[PDB]
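Dropping my_file_31.csv in here (CSV, C-alpha atoms):
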```
chain,number,residue,atom,x,y,z
A,1,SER,CA,13.0,40.6,116.7
A,2,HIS,CA,15.4,41.8,119.4
A,3,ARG,CA,18.0,43.7,117.3
A,4,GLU,CA,18.6,45.8,114.2
A,5,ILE,CA,22.3,46.5,113.6
A,6,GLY,CA,23.4,49.1,111.1
A,7,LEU,CA,26.9,49.2,109.7
A,8,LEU,CA,28.5,51.7,107.4
A,9,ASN,CA,31.4,50.5,105.2
A,10,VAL,CA,33.3,53.4,103.6
A,11,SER,CA,34.9,51.8,100.5
A,12,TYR,CA,36.9,52.7,97.4
A,13,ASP,CA,35.3,53.2,94.0
A,14,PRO,CA,35.1,49.9,92.0
A,15,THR,CA,33.9,47.7,94.9
A,16,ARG,CA,30.2,48.5,94.2
A,17,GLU,CA,29.2,45.2,92.7
A,18,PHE,CA,31.3,43.1,95.2
A,19,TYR,CA,29.8,44.7,98.3
A,20,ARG,CA,26.2,44.5,97.0
A,21,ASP,CA,26.7,40.7,97.0
A,22,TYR,CA,29.0,40.4,100.0
A,23,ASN,CA,26.8,42.5,102.2
A,24,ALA,CA,23.8,40.3,101.5
A,25,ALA,CA,25.8,37.1,102.0
A,26,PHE,CA,27.2,38.3,105.3
A,27,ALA,CA,23.9,39.6,106.6
A,28,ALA,CA,22.1,36.3,105.7
A,29,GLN,CA,24.6,34.0,107.3
A,30,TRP,CA,24.7,36.2,110.5
A,31,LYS,CA,21.0,36.1,110.8
A,32,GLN,CA,21.0,32.4,110.2
A,33,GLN,CA,23.1,31.9,113.4
A,34,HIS,CA,21.7,34.9,115.3
A,35,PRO,CA,18.0,34.9,114.3
A,36,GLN,CA,17.0,37.9,116.4
A,37,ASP,CA,19.5,40.1,114.6
A,38,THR,CA,19.1,41.9,111.3
A,39,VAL,CA,22.3,43.4,109.9
A,40,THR,CA,21.9,46.3,107.4
A,41,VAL,CA,25.1,47.4,105.8
A,42,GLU,CA,25.5,50.5,103.7
A,43,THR,CA,28.6,50.8,101.6
A,44,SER,CA,29.7,54.1,100.2
A,45,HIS,CA,32.1,54.4,97.3
A,46,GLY,CA,34.5,57.0,95.9
A,47,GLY,CA,38.2,57.7,95.4
A,48,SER,CA,40.0,56.1,98.3
A,49,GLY,CA,41.8,59.2,99.4
A,50,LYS,CA,38.7,61.4,99.3
A,51,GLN,CA,36.8,58.7,101.2
A,52,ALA,CA,39.4,58.6,103.9
A,53,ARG,CA,39.2,62.3,104.3
A,54,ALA,CA,35.4,62.0,104.6
A,55,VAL,CA,35.8,59.6,107.5
A,56,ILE,CA,38.4,62.0,109.1
A,57,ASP,CA,35.9,64.8,108.7
A,58,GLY,CA,33.1,63.0,110.4
A,59,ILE,CA,31.5,60.3,108.3
A,60,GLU,CA,31.1,57.6,111.0
A,61,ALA,CA,32.2,54.5,109.2
A,62,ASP,CA,32.2,51.4,111.3
A,63,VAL,CA,34.7,49.8,108.9
A,64,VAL,CA,36.8,51.1,106.0
A,65,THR,CA,37.6,49.0,103.0
A,66,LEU,CA,40.1,51.2,101.1
A,67,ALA,CA,42.4,50.9,98.2
A,68,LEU,CA,45.8,50.9,100.0
A,69,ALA,CA,47.3,51.0,103.5
A,70,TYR,CA,48.3,54.7,103.6
A,71,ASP,CA,44.7,55.9,103.6
A,72,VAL,CA,43.9,53.8,106.6
A,73,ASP,CA,47.1,54.9,108.4
A,74,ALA,CA,46.0,58.5,107.7
A,75,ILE,CA,42.7,58.0,109.5
A,76,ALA,CA,44.6,56.5,112.5
A,77,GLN,CA,47.2,59.3,112.5
A,78,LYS,CA,45.2,62.4,111.7
A,79,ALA,CA,41.9,61.6,113.5
A,80,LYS,CA,42.8,58.8,116.0
A,81,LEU,CA,39.7,56.9,115.0
A,82,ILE,CA,41.7,53.6,114.3
A,83,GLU,CA,44.5,52.2,116.5
A,84,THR,CA,47.8,52.7,114.8
A,85,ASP,CA,48.7,48.9,114.8
A,86,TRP,CA,45.5,48.1,112.8
A,87,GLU,CA,47.4,46.5,109.9
A,88,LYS,CA,48.6,43.5,111.8
A,89,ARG,CA,45.1,42.7,113.2
A,90,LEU,CA,43.9,40.8,110.1
A,91,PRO,CA,45.9,38.4,108.0
A,92,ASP,CA,48.0,39.2,104.9
A,93,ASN,CA,48.5,42.9,105.8
A,94,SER,CA,44.7,43.3,106.4
A,95,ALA,CA,44.1,42.6,102.7
A,96,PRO,CA,41.7,39.6,102.1
A,97,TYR,CA,42.2,40.0,98.3
A,98,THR,CA,44.7,41.7,96.0
A,99,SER,CA,44.7,43.1,92.5
A,100,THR,CA,47.1,44.7,90.1
A,101,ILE,CA,47.3,47.3,87.3
A,102,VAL,CA,46.8,46.3,83.7
A,103,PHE,CA,46.0,48.1,80.5
A,104,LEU,CA,42.6,48.1,78.9
A,105,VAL,CA,42.7,48.9,75.1
A,106,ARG,CA,40.0,49.1,72.4
A,107,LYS,CA,39.2,46.3,70.0
A,108,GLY,CA,42.1,45.3,67.8
A,109,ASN,CA,44.6,47.3,69.9
A,110,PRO,CA,44.9,49.8,67.1
A,111,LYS,CA,47.8,51.7,68.7
A,112,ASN,CA,49.8,48.5,69.3
A,113,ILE,CA,50.2,49.0,73.0
A,114,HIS,CA,52.0,46.2,74.7
A,115,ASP,CA,54.0,47.7,77.6
A,116,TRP,CA,54.8,50.8,79.5
A,117,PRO,CA,57.0,52.5,76.8
A,118,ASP,CA,54.0,52.5,74.4
A,119,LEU,CA,52.1,54.8,76.7
A,120,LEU,CA,54.7,57.6,75.8
A,121,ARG,CA,54.3,57.3,72.1
A,122,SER,CA,53.0,60.3,70.2
A,123,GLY,CA,49.2,60.3,69.8
A,124,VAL,CA,48.5,57.8,72.5
A,125,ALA,CA,45.9,59.1,75.0
A,126,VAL,CA,46.1,57.5,78.4
A,127,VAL,CA,43.2,57.5,80.9
A,128,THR,CA,44.3,57.3,84.6
A,129,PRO,CA,42.6,58.8,87.7
A,130,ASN,CA,43.7,61.6,90.0
A,131,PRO,CA,46.4,60.6,92.5
A,132,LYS,CA,45.2,63.3,94.9
A,133,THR,CA,41.8,61.5,95.4
A,134,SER,CA,42.0,58.0,94.0
A,135,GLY,CA,44.0,55.0,95.3
A,136,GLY,CA,44.1,53.2,92.0
A,137,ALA,CA,45.6,56.4,90.5
A,138,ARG,CA,48.4,56.0,93.0
A,139,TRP,CA,49.0,52.3,92.3
A,140,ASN,CA,49.0,53.2,88.6
A,141,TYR,CA,51.7,55.9,89.1
A,142,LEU,CA,53.8,53.7,91.3
A,143,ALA,CA,53.7,50.8,88.8
A,144,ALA,CA,54.9,53.2,86.1
A,145,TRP,CA,57.6,54.5,88.4
A,146,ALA,CA,58.7,51.0,89.4
A,147,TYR,CA,59.0,50.1,85.7
A,148,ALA,CA,61.2,53.2,85.0
A,149,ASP,CA,63.2,52.6,88.1
A,150,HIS,CA,64.0,49.1,86.7
A,151,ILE,CA,64.9,50.2,83.2
A,152,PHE,CA,67.0,53.2,84.4
A,153,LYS,CA,68.6,51.5,87.3
A,154,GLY,CA,67.3,54.0,89.8
A,155,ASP,CA,68.5,57.2,88.0
A,156,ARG,CA,66.0,59.8,89.3
A,157,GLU,CA,66.5,62.4,86.6
A,158,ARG,CA,65.8,59.8,83.9
A,159,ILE,CA,62.7,58.4,85.8
A,160,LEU,CA,61.3,61.9,86.2
A,161,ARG,CA,61.6,62.6,82.4
A,162,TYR,CA,59.9,59.3,81.7
A,163,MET,CA,57.0,60.2,84.0
A,164,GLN,CA,56.7,63.6,82.4
A,165,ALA,CA,56.5,61.9,79.0
A,166,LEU,CA,53.8,59.6,80.3
A,167,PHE,CA,51.7,62.4,81.9
A,168,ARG,CA,52.0,64.5,78.7
A,169,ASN,CA,49.7,61.8,77.3
A,170,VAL,CA,47.1,62.0,80.1
A,171,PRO,CA,44.4,64.5,79.3
A,172,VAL,CA,41.9,63.9,82.2
A,173,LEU,CA,42.3,62.8,85.8
A,174,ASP,CA,39.0,61.5,87.3
A,175,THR,CA,38.3,61.6,91.0
A,176,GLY,CA,37.7,57.9,91.4
A,177,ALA,CA,38.7,54.9,89.4
A,178,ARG,CA,35.1,54.0,88.5
A,179,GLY,CA,35.0,57.4,86.9
A,180,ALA,CA,38.2,56.7,85.0
A,181,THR,CA,36.8,53.4,83.8
A,182,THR,CA,33.6,55.0,82.7
A,183,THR,CA,35.5,57.8,80.9
A,184,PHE,CA,37.2,55.2,78.8
A,185,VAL,CA,34.6,52.5,78.3
A,186,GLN,CA,31.4,54.6,78.1
A,187,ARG,CA,32.5,58.1,77.1
A,188,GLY,CA,35.0,57.1,74.4
A,189,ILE,CA,37.9,59.1,75.8
A,190,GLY,CA,41.5,57.7,75.4
A,191,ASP,CA,43.2,54.8,73.7
A,192,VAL,CA,44.3,53.0,76.9
A,193,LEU,CA,43.0,52.9,80.5
A,194,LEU,CA,45.5,52.2,83.3
A,195,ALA,CA,43.0,50.0,85.1
A,196,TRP,CA,42.5,48.0,88.2
A,197,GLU,CA,42.5,44.5,87.0
A,198,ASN,CA,39.0,43.9,88.5
A,199,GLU,CA,37.7,47.0,86.5
A,200,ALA,CA,39.3,45.7,83.3
A,201,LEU,CA,37.8,42.2,83.7
A,202,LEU,CA,34.4,43.7,84.6
A,203,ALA,CA,34.4,45.9,81.6
A,204,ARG,CA,35.4,43.0,79.3
A,205,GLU,CA,32.6,40.9,80.7
A,206,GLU,CA,29.9,43.6,80.7
A,207,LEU,CA,30.6,45.0,77.2
A,208,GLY,CA,32.2,42.0,75.6
A,209,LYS,CA,35.7,40.8,74.6
A,210,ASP,CA,34.6,42.2,71.2
A,211,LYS,CA,35.0,45.8,72.4
A,212,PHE,CA,37.9,45.8,74.8
A,213,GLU,CA,41.1,43.9,75.3
A,214,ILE,CA,43.3,43.5,78.4
A,215,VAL,CA,47.1,44.0,77.8
A,216,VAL,CA,49.3,42.7,80.6
A,217,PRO,CA,52.4,44.9,80.9
A,218,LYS,CA,55.8,43.3,81.5
A,219,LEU,CA,55.9,44.6,85.1
A,220,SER,CA,53.2,45.8,87.4
A,221,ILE,CA,52.5,46.3,91.1
A,222,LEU,CA,50.8,44.1,93.7
A,223,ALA,CA,47.9,46.3,94.8
A,224,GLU,CA,46.8,45.5,98.4
A,225,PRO,CA,43.5,47.1,99.3
A,226,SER,CA,43.4,47.3,103.1
A,227,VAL,CA,40.5,46.9,105.5
A,228,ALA,CA,40.1,48.0,109.1
A,229,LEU,CA,37.7,48.3,112.0
A,230,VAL,CA,37.2,51.9,113.0
A,231,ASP,CA,37.6,51.5,116.7
A,232,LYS,CA,36.2,54.8,118.0
A,233,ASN,CA,33.1,54.6,115.8
A,234,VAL,CA,32.2,50.9,116.5
A,235,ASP,CA,32.6,51.6,120.2
A,236,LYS,CA,30.4,54.7,119.9
A,237,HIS,CA,27.8,52.8,117.9
A,238,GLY,CA,27.9,49.5,119.9
A,239,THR,CA,28.8,47.6,116.7
A,240,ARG,CA,32.2,46.1,117.5
A,241,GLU,CA,31.4,42.4,117.5
A,242,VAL,CA,29.3,42.5,114.2
A,243,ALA,CA,31.8,44.8,112.5
A,244,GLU,CA,34.7,42.5,113.4
A,245,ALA,CA,32.8,39.5,112.0
A,246,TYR,CA,32.0,41.5,108.9
A,247,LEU,CA,35.7,42.0,108.1
A,248,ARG,CA,36.7,38.6,109.2
A,249,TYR,CA,34.2,36.9,106.9
A,250,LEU,CA,35.9,38.5,103.9
A,251,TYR,CA,38.6,35.8,104.6
A,252,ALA,CA,36.1,33.0,105.0
A,253,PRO,CA,35.5,30.6,102.0
A,254,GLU,CA,32.4,32.5,100.9
A,255,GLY,CA,34.2,35.9,101.0
A,256,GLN,CA,37.1,34.5,99.0
A,257,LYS,CA,34.8,32.9,96.5
A,258,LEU,CA,32.8,36.1,96.0
A,259,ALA,CA,36.1,38.1,95.6
A,260,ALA,CA,37.1,36.0,92.7
A,261,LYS,CA,33.6,36.1,91.2
A,262,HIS,CA,34.0,39.9,91.2
A,263,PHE,CA,37.4,39.8,89.6
A,264,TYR,CA,39.6,40.3,92.6
A,265,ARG,CA,42.5,37.8,93.3
A,266,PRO,CA,41.7,36.0,96.6
A,267,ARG,CA,44.4,35.3,99.1
A,268,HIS,CA,43.0,31.8,99.3
A,269,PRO,CA,42.0,30.8,95.7
A,270,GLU,CA,41.3,27.2,96.8
A,271,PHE,CA,37.9,28.5,98.0
A,272,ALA,CA,37.0,30.1,94.7
A,273,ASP,CA,35.4,28.7,91.6
A,274,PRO,CA,38.3,27.5,89.4
A,275,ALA,CA,36.8,29.2,86.4
A,276,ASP,CA,37.1,32.5,88.2
A,277,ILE,CA,40.7,31.8,89.1
A,278,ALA,CA,41.5,30.9,85.5
A,279,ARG,CA,40.6,34.5,84.4
A,280,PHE,CA,43.7,35.9,86.2
A,281,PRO,CA,46.8,36.0,83.9
A,282,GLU,CA,50.3,35.5,84.9
A,283,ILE,CA,51.9,38.9,85.7
A,284,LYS,CA,55.3,39.9,87.0
A,285,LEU,CA,54.8,42.0,90.2
A,286,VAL,CA,56.8,44.1,92.6
A,287,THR,CA,55.3,45.1,96.0
A,288,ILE,CA,55.0,48.5,97.7
A,289,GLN,CA,57.7,47.5,100.1
A,290,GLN,CA,60.1,46.3,97.5
A,291,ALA,CA,59.7,49.2,95.2
A,292,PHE,CA,59.2,52.1,97.7
A,293,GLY,CA,60.1,50.9,101.2
A,294,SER,CA,56.7,51.8,102.7
A,295,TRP,CA,53.4,53.5,102.0
A,296,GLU,CA,54.4,56.3,104.2
A,297,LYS,CA,57.5,57.0,102.1
A,298,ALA,CA,55.8,56.6,98.8
A,299,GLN,CA,52.8,58.8,99.7
A,300,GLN,CA,54.8,61.6,101.2
A,301,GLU,CA,57.3,61.7,98.4
A,302,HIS,CA,55.0,61.3,95.4
A,303,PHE,CA,51.5,62.2,96.3
A,304,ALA,CA,51.6,65.0,99.0
A,305,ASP,CA,50.8,68.4,97.6
A,306,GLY,CA,54.1,69.8,96.2
A,307,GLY,CA,55.5,66.3,95.9
A,308,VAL,CA,56.8,64.5,92.9
A,309,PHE,CA,53.5,64.1,91.0
A,310,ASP,CA,52.8,67.8,91.2
A,311,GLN,CA,56.4,68.5,90.0
A,312,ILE,CA,55.9,66.1,87.1
A,313,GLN,CA,52.7,67.9,86.2
A,314,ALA,CA,54.3,71.3,86.4
A,315,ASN,CA,57.5,70.4,84.5
A,316,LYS,CA,56.1,68.2,81.7
```
Rendering of file as structure tokens:
Amino acid sequence: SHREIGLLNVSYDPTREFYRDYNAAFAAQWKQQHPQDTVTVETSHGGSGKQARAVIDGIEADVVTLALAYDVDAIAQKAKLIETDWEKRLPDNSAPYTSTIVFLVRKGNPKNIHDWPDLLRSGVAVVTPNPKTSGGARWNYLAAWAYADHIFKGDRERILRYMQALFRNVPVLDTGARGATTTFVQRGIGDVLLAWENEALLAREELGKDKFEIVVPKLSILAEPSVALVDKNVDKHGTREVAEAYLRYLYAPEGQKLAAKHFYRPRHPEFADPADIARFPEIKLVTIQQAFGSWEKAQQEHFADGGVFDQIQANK
């Protein structure tokens, strides 16, 4: 009838399965209450940083569902497409779910990997994506740095040597985290993947507990994937109301339930299937604010061209 509404959600890499289900659920419940409307959502996927650059360069996303807050801030700062106070518009730092970084190892854990120091041992090959393009790659790096900061009581020279030792064991840097997962799980590269927890759980469910094992390290980071309405594009497209509802329904019971089904930790687990909640192990976590002050500080120091990651790679 009256209206066909198209939305583009520019997302990060491993959310493919989640958004296929979520988009259908959102569209169906919208049409139930608004029978003349048909909402068609397209979701694109890639490394979070590359996806953010694509929006800046003209991909007219109505919403962004990215891996971390900096990438949304960059759209707002560098392209003015999002208002700068976006992060407070939705609850929980505009992150309706969270995740963390775990290790995925092969059956039997033949290298006996249990914690961050094992990644530095001779002959261990570590798969982790490219910090210049991937958000998970940056969470992975920051988790490693936070561990080293703890054990070395903040001594920068010792942390840098530890990071160099880690990256000497990293042979390949995939553009997006789904690429990294596939490199390890399907293409047989590496002994351990530094994984989004949702990717580790999905790999174990898809291929079997008989092929891969999740190792929970003794510290990790709270990964907060940030969502935001792209003000200038929804106003250009006439999609503001539906796009707002699309993001807000991620926080509704059905969105929270679907998040847990797809191996993301909901902010409100009371709405999820208890069997899905039971899959999430206890893990000791620092946040971005605690370990690095802010995303702005972490990104500029570590991940900007010429920054610390580039220095580690050049000096290792």
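Proximity of A:107, A:178, A:3, A:53 to residue 202 (chain A), computed with all atoms listed in the file, is greatest for A:178.
Counting only C-alpha atoms and comparing A:292, A:28, A:170, A:103, the residue that lies closest to residue 121 (chain A) is A:170.
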Neighbours of residue 64 (chain A) within 7 Å (only C-alpha atoms; same-chain residues fewer than 2 positions away dropped), as a tab-separated table (two decimals) with C-alpha atoms, keeping the file's coordinate frame?
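Generated file (part.tsv):
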```tsv
chain	number	residue	atom	x	y	z
A	9	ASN	CA	31.40	50.50	105.20
A	10	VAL	CA	33.30	53.40	103.60
A	11	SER	CA	34.90	51.80	100.50
A	61	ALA	CA	32.20	54.50	109.20
A	66	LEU	CA	40.10	51.20	101.10
A	227	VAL	CA	40.50	46.90	105.50
A	228	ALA	CA	40.10	48.00	109.10
A	229	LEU	CA	37.70	48.30	112.00
```
Test item: residues at most 10 Å from residue 298 (chain A), all atoms listed in the file, excluding those fewer than 2 positions along its chain, as a VMD selection string: chain A and resid 70 138 142 288 to 289 291 to 296 300 to 304 308
Residue nearest residue 255 (chain A) - candidates A:221, A:124, A:185, A:272, atoms counted: only C-alpha atoms: A:272
